[PDB]
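Enquirer: Based on what follows, work out the 3D shape:
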Amino acid sequence: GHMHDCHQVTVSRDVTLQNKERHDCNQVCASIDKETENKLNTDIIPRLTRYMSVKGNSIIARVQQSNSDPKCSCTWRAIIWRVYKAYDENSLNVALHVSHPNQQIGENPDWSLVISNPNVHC
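Expert: Numbers count the residues shown, from 1 in each chain. You can find the structure just below:
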């Protein structure tokens, strides 16, 4: 019944883009694929580095859809392989919106974070 000291995190970006034009939402969302990567590497990973046992994440991937809705729901997911279990899902989510302390202007409202697998080693 071995015990797990790290957990695996899926960090997600969730953006709604205007599509008054009624184009493919894969193509509308693709517009800010590069933005999302640059945001992942320059802000999101850095501010979660503190919590990882070992540096290590998957390449951020967009979720394919099949629609042309007036508002496009765009979602990217990346996986961070090992984060100390000591840091709960809530504290990791907070780390996304707040850095400097007592802060009131939240950042990255578009970003969220789950535990993808409770049972990882470091």
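Enquirer: which residues does residue 57 bridge with?
Expert: Residues in a beta bridge with residue 57, per DSSP bridges, are residue 80.
Enquirer: For the longest helix along the chain, what is the distance to the chain centroid?
Expert: Longest helix in the chain, counting residues (DSSP state H): helix 89-97. In terms of Cα atoms, centre = their mean, to the nearest Å, the centre of helix 89-97 is found 11 Å from the chain centre.
Enquirer: Just give the strands next to the helix or strand just after it in its sheet, each with its orientation.
Expert: Using DSSP states H and E, the helix or strand that follows helix 89-97 in sequence is strand 111-120. Strand 111-120 sits in its sheet next to strand 6-18 (antiparallel), going by DSSP bridges.
Enquirer: in the strand it pairs with, what's buried?
Expert: Buried residues in strand 6-18, counting neighbours by 16 or more other Cβ atoms under 10 Å, are found at 6-11, 13, 15. C-beta: built from backbone N, CA, C; applies to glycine.
Enquirer: Having no further points to raise, I will conclude here.
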